[PDB]
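S.K.: This is the content of final11.pdb (PDB, C-alpha atoms (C1' of nucleotides)):
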```pdb
MODEL        1
ATOM      1  CA  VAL A   4       9.733 -54.861  36.477
ATOM      2  CA  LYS A   5      13.456 -54.046  36.387
ATOM      3  CA  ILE A   6      13.695 -50.689  34.625
ATOM      4  CA  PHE A   7      16.528 -50.683  32.097
ATOM      5  CA  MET A   8      19.255 -48.233  31.098
ATOM      6  CA  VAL A   9      20.147 -48.015  27.399
ATOM      7  CA  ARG A  10      22.944 -46.002  25.796
ATOM      8  CA  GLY A  11      23.840 -46.876  22.219
ATOM      9  CA  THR A  12      25.190 -45.493  18.970
ATOM     10  CA  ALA A  13      23.102 -44.845  15.856
ATOM     11  CA  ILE A  14      24.304 -42.841  12.865
ATOM     12  CA  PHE A  15      23.458 -40.980   9.769
ATOM     13  CA  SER A  16      26.448 -38.747   8.968
ATOM     14  CA  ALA A  17      27.977 -39.063  12.464
ATOM     15  CA  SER A  18      24.959 -38.693  14.736
ATOM     16  CA  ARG A  19      26.913 -39.561  17.870
ATOM     17  CA  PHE A  20      26.280 -37.375  20.922
ATOM     18  CA  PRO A  21      26.438 -39.442  24.121
ATOM     19  CA  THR A  22      24.297 -36.975  26.108
ATOM     20  CA  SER A  23      20.517 -36.253  26.081
ATOM     21  CA  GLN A  24      18.762 -34.624  23.068
ATOM     22  CA  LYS A  25      20.208 -36.186  19.702
ATOM     23  CA  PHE A  26      21.675 -39.651  20.672
ATOM     24  CA  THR A  27      20.007 -42.027  23.188
ATOM     25  CA  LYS A  28      16.984 -42.797  25.401
ATOM     26  CA  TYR A  29      15.588 -44.627  28.448
ATOM     27  CA  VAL A  30      13.597 -47.878  28.562
ATOM     28  CA  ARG A  31      11.248 -49.756  30.889
ATOM     29  CA  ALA A  32      11.155 -53.499  30.236
ATOM     30  CA  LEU A  33      11.508 -56.910  31.851
ATOM     31  CA  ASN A  34      14.735 -58.312  30.405
ATOM     32  CA  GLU A  35      17.375 -57.319  27.884
ATOM     33  CA  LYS A  36      15.780 -59.138  24.955
ATOM     34  CA  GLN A  37      12.476 -57.321  25.307
ATOM     35  CA  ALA A  38      14.315 -54.084  26.069
ATOM     36  CA  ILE A  39      16.681 -54.327  23.111
ATOM     37  CA  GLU A  40      13.727 -54.574  20.735
ATOM     38  CA  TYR A  41      12.291 -51.254  21.868
ATOM     39  CA  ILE A  42      15.262 -49.158  20.745
ATOM     40  CA  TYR A  43      15.067 -50.904  17.389
ATOM     41  CA  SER A  44      11.335 -50.257  17.415
ATOM     42  CA  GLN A  45      11.550 -46.499  17.894
ATOM     43  CA  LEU A  46      14.843 -45.352  16.413
ATOM     44  CA  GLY A  47      14.327 -47.664  13.461
ATOM     45  CA  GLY A  48      11.339 -45.752  12.154
ATOM     46  CA  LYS A  49      11.108 -42.512  14.097
ATOM     47  CA  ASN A  50      14.242 -41.200  12.381
ATOM     48  CA  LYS A  51      14.912 -43.618   9.483
ATOM     49  CA  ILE A  52      17.818 -45.360  11.162
ATOM     50  CA  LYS A  53      18.575 -48.908  10.086
ATOM     51  CA  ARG A  54      19.802 -51.430  12.613
ATOM     52  CA  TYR A  55      23.045 -51.378  10.624
ATOM     53  CA  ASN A  56      24.375 -48.268  12.325
ATOM     54  CA  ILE A  57      22.813 -49.199  15.659
ATOM     55  CA  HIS A  58      25.613 -49.914  18.151
ATOM     56  CA  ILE A  59      24.500 -50.391  21.741
ATOM     57  CA  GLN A  60      27.349 -49.304  24.003
ATOM     58  CA  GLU A  61      26.071 -49.717  27.567
ATOM     59  CA  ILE A  62      23.018 -51.605  28.762
ATOM     60  CA  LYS A  63      22.243 -52.002  32.457
ATOM     61  CA  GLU A  64      19.635 -51.599  35.192
ATOM     62  CA  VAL A  65      18.978 -48.454  37.219
ATOM     63  CA  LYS A  66      17.504 -48.436  40.699
ATOM     64  CA  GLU A  67      13.863 -47.451  41.046
ATOM     65  CA  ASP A  68      14.436 -44.492  43.393
ATOM     66  CA  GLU A  69      16.963 -42.398  41.437
ATOM     67  CA  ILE A  70      16.208 -41.269  37.885
ATOM     68  CA  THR A  71      16.702 -37.681  36.743
ATOM     69  CA  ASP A  72      13.313 -37.708  34.978
ATOM     70  CA  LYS A  73      10.020 -37.566  36.852
ATOM     71  CA  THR A  74       7.885 -38.351  33.795
ATOM     72  CA  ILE A  75       9.348 -41.846  33.625
ATOM     73  CA  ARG A  76       8.986 -41.926  37.411
ATOM     74  CA  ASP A  77       5.361 -41.229  38.295
ATOM     75  CA  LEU A  78       3.932 -43.530  35.622
ATOM     76  CA  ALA A  79       4.342 -46.450  38.021
TER      77      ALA A  79
ATOM     78  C1'   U B   1      99.445 -64.383  19.930
ATOM     79  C1'   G B   2      95.400 -62.184  18.752
ATOM     80  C1'   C B   3      92.048 -59.509  16.550
ATOM     81  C1'   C B   4      90.914 -54.532  15.226
ATOM     82  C1'   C B   5      93.661 -49.963  13.700
ATOM     83  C1'   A B   6      94.505 -47.505   9.518
ATOM     84  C1'   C B   7      96.431 -48.555   4.305
ATOM     85  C1'   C B   8      96.269 -50.614  -0.888
ATOM     86  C1'   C B   9      92.170 -53.563  -3.961
ATOM     87  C1'   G B  10      86.993 -53.408  -3.153
ATOM     88  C1'   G B  11      81.306 -54.531  -2.532
ATOM     89  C1'   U B  12      77.035 -51.982  -0.329
ATOM     90  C1'   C B  13      75.889 -46.588  -2.723
ATOM     91  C1'   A B  14      73.954 -41.516   2.307
ATOM     92  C1'   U B  15      71.683 -45.037   8.493
ATOM     93  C1'   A B  16      77.799 -44.456   5.155
ATOM     94  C1'   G B  17      76.521 -36.855   4.034
ATOM     95  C1'   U B  18      77.883 -31.971   4.850
ATOM     96  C1'   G B  19      79.834 -28.181   8.337
ATOM     97  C1'   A B  20      82.267 -26.947  12.925
ATOM     98  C1'   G B  21      85.167 -28.355  17.400
ATOM     99  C1'   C B  22      88.552 -31.714  19.566
ATOM    100  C1'   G B  23      91.767 -36.177  19.841
ATOM    101  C1'   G B  24      95.328 -39.836  17.491
ATOM    102  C1'   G B  25     100.405 -40.383  14.812
ATOM    103  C1'   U B  26     108.041 -41.138  15.681
ATOM    104  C1'   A B  27     105.144 -47.581  11.646
ATOM    105  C1'   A B  28     101.539 -46.947   8.154
ATOM    106  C1'   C B  29      99.457 -42.201   5.314
ATOM    107  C1'   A B  30     100.147 -37.580   3.988
ATOM    108  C1'   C B  31     102.082 -33.069   4.584
ATOM    109  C1'   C B  32     106.607 -31.825   3.372
ATOM    110  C1'   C B  33     112.610 -31.561   0.104
ATOM    111  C1'   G B  34     114.477 -30.725  -4.871
ATOM    112  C1'   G B  35     114.293 -30.854  -9.895
ATOM    113  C1'   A B  36     120.252 -32.213 -13.606
ATOM    114  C1'   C B  37     118.243 -36.607 -16.409
ATOM    115  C1'   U B  38     112.278 -38.837 -17.870
ATOM    116  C1'   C B  39     108.163 -36.044 -18.667
ATOM    117  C1'   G B  40     105.871 -31.422 -18.349
ATOM    118  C1'   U B  41     103.654 -26.644 -17.518
ATOM    119  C1'   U B  42      99.277 -22.521 -25.236
ATOM    120  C1'   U B  43     104.101 -18.766 -17.885
ATOM    121  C1'   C B  44     105.753 -21.193 -13.796
ATOM    122  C1'   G B  45     108.699 -28.184 -10.863
ATOM    123  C1'   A B  46     101.815 -24.460  -9.073
ATOM    124  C1'   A B  47      99.918 -29.047 -10.852
ATOM    125  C1'   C B  48     101.692 -33.127 -13.331
ATOM    126  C1'   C B  49     106.529 -36.235 -13.848
ATOM    127  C1'   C B  50     110.912 -37.716 -11.776
ATOM    128  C1'   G B  51     114.708 -37.571  -7.677
ATOM    129  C1'   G B  52     113.676 -37.651  -3.057
ATOM    130  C1'   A B  53     113.309 -36.957   1.696
ATOM    131  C1'   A B  54     114.493 -32.730   6.954
ATOM    132  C1'   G B  55     110.443 -31.551   9.650
ATOM    133  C1'   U B  56     105.436 -32.534  11.246
ATOM    134  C1'   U B  57      99.607 -34.125  13.503
ATOM    135  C1'   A B  58      98.625 -27.875  11.818
ATOM    136  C1'   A B  59      95.965 -29.683   6.812
ATOM    137  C1'   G B  60      94.284 -34.011   4.766
ATOM    138  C1'   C B  61      93.722 -38.944   6.489
ATOM    139  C1'   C B  62      91.492 -41.064  11.157
ATOM    140  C1'   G B  63      88.555 -41.065  15.590
ATOM    141  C1'   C B  64      85.153 -38.378  18.686
ATOM    142  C1'   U B  65      81.591 -34.359  20.041
ATOM    143  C1'   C B  66      77.544 -31.038  18.067
ATOM    144  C1'   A B  67      74.671 -29.508  14.290
ATOM    145  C1'   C B  68      72.051 -29.899  10.200
ATOM    146  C1'   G B  69      70.863 -33.451   5.661
ATOM    147  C1'   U B  70      69.367 -38.797   5.642
ATOM    148  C1'   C B  71      67.249 -44.319   6.915
ATOM    149  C1'   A B  72      64.321 -46.418  10.311
ATOM    150  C1'   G B  73      61.437 -47.327  15.264
ATOM    151  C1'   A B  74      57.699 -45.372  18.330
ATOM    152  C1'   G B  75      54.388 -41.305  19.651
ATOM    153  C1'   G B  76      51.452 -36.993  18.382
ATOM    154  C1'   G B  77      49.025 -34.660  14.593
ATOM    155  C1'   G B  78      47.497 -34.019   9.179
ATOM    156  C1'   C B  79      44.775 -36.307   5.269
ATOM    157  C1'   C B  80      42.280 -40.044   3.000
ATOM    158  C1'   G B  81      41.609 -44.422  -0.801
ATOM    159  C1'   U B  82      40.076 -49.259  -3.314
ATOM    160  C1'   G B  83      38.590 -54.144  -4.892
ATOM    161  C1'   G B  84      33.902 -57.616  -4.122
ATOM    162  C1'   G B  85      27.762 -57.380  -3.919
ATOM    163  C1'   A B  86      22.744 -56.006  -3.634
ATOM    164  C1'   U B  87      15.068 -54.034  -7.555
ATOM    165  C1'   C B  88      19.981 -50.656  -0.448
ATOM    166  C1'   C B  89      19.390 -44.871   0.692
ATOM    167  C1'   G B  90      19.456 -40.565  -2.393
ATOM    168  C1'   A B  91      16.168 -37.629  -8.658
ATOM    169  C1'   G B  92      21.134 -36.916  -9.581
ATOM    170  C1'   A B  93      25.627 -35.869  -7.851
ATOM    171  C1'   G B  94      26.727 -38.758  -3.604
ATOM    172  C1'   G B  95      26.790 -41.882   0.763
ATOM    173  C1'   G B  96      26.270 -45.704   4.249
ATOM    174  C1'   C B  97      26.676 -50.881   5.044
ATOM    175  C1'   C B  98      28.198 -56.059   5.002
ATOM    176  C1'   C B  99      33.325 -59.384   2.110
ATOM    177  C1'   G B 100      39.392 -57.895   1.183
ATOM    178  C1'   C B 101      43.309 -54.593   1.580
ATOM    179  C1'   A B 102      45.647 -50.159   2.741
ATOM    180  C1'   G B 103      48.834 -46.400   2.551
ATOM    181  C1'   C B 104      50.002 -40.635   2.388
ATOM    182  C1'   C B 105      51.976 -36.079   4.939
ATOM    183  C1'   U B 106      53.649 -33.473   9.196
ATOM    184  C1'   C B 107      55.822 -32.660  14.454
ATOM    185  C1'   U B 108      58.046 -35.329  19.085
ATOM    186  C1'   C B 109      61.324 -38.912  20.959
ATOM    187  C1'   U B 110      65.106 -43.074  19.995
ATOM    188  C1'   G B 111      69.175 -45.343  16.786
ATOM    189  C1'   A B 112      72.259 -44.483  12.803
ATOM    190  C1'   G B 113      78.312 -47.438   8.503
ATOM    191  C1'   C B 114      78.428 -52.329   6.823
ATOM    192  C1'   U B 115      81.364 -55.709   4.474
ATOM    193  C1'   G B 116      85.237 -59.179   0.847
ATOM    194  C1'   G B 117      90.768 -59.605  -0.728
ATOM    195  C1'   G B 118      96.029 -58.708   0.814
ATOM    196  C1'   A B 119     101.372 -55.742   2.829
ATOM    197  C1'   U B 120     102.252 -51.969   7.981
ATOM    198  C1'   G B 121     100.937 -50.627  13.461
ATOM    199  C1'   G B 122      98.820 -52.474  18.583
TER     200        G B 122
ENDMDL
END
```
So, in terms of structure tokens, how does the structure I just supplied come out?
M.R.:
Amino acid sequence: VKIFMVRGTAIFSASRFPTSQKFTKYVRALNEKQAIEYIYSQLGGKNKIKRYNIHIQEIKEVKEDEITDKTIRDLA
RNA sequence: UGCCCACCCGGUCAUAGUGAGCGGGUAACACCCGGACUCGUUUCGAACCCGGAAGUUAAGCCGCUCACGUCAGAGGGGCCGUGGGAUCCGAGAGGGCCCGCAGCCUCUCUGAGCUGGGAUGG
């Protein structure tokens, strides 16, 4: 299923915080194209953030046996 | 030779400045000698004007060193605009975004006199 790792920049009045409660998320998806939609899907409406100020910095794949979160883990 | 080294005549008008220290002169340049005549000091040969010319690199001049002033280069930091467009956001004030441009201050480091025309000196 190839779990993905997303870390990108979105802004209203400098909402950059490359850490984990006001800036970025995790994703489970097949490929980049499906994955890249999801961040648009959520951050686009959940906080009124246009894809203008969306700037994906790092996108990659994590291995299935090491993620700091168990909630994303057990759902398999 | 030579050319630069000063000088006279300059242009550039501080990157070329100011201040201090030091170095260079037997020519050049001044300092410096003396005033009867020229001229002249609301006193003075101070200065100017004339006649000079012993001494002398201490002045100045010149070069160099260091400071500051000052032009740039780079770095750090400070601060931040404006054209072009939308039934875009925001009630407004305002702001983002796509199309074009930037500059501003302040510290650090690095450079910092160029050049035309003629008579001396090497």
S.K.: What does the PyMOL selection byres ((chain B) within 9 of (chain A)) select in this file, as a list in words?
M.R.: residues 95, 96, 97 and 98 of chain B
S.K.: Using only C-alpha atoms (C1' of nucleotides), what residues lie at most 10 Å away from (101.9, -44.6, 2.2) (file coordinates), given as a list in words?
M.R.: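 So the residues meeting the distance criterion are residues 7, 8, 28, 29, 30 and 120 of chain B.
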S.K.: Restricting the calculation to only C-alpha atoms (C1' of nucleotides): of B:105, B:66, B:112, B:93, which residue gets closest to residue 79 in chain B?
M.R.: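 Smallest distance to residue 79 in chain B is found for B:105.
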S.K.: Just to confirm, what's the straight-line distance from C1' of residue 56 in chain B to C1' of residue 31 in chain B in Å (one decimal)?
M.R.: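 Result for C1' of residue 56 in chain B versus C1' of residue 31 in chain B: 7.5 Å, one decimal.
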S.K.: Specify as a PyMOL selection string each residue included when the PyMOL selection byres ((chain A and resi 33) around 12) is applied to this file.
M.R.: chain A and resi 4-8+30-32+34-41+63-64
S.K.: To one decimal place, how far is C1' of residue 113 in chain B from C1' of residue 14 in chain B in Å?
M.R.: 9.6 Å
S.K.: Can you list, as a PyMOL selection string, the residues that the PyMOL selection byres ((chain A and resi 27) around 8) selects here?
M.R.: chain A and resi 9-12+21-26+28-29
S.K.: What gap, in Å, lies between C1' of residue 117 in chain B and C1' of residue 16 in chain B?
M.R.: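 Going from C1' of residue 117 in chain B over to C1' of residue 16 in chain B covers 20.8 Å.
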S.K.: Could you check which residues have any atom within 12 Å of (51.4, -40.5, 0.7), counting all atoms listed in the file with coordinates taken straight from the file, and then list them as JSON, numbers by chain?
M.R.: {"B": [78, 79, 80, 81, 102, 103, 104, 105, 106]}
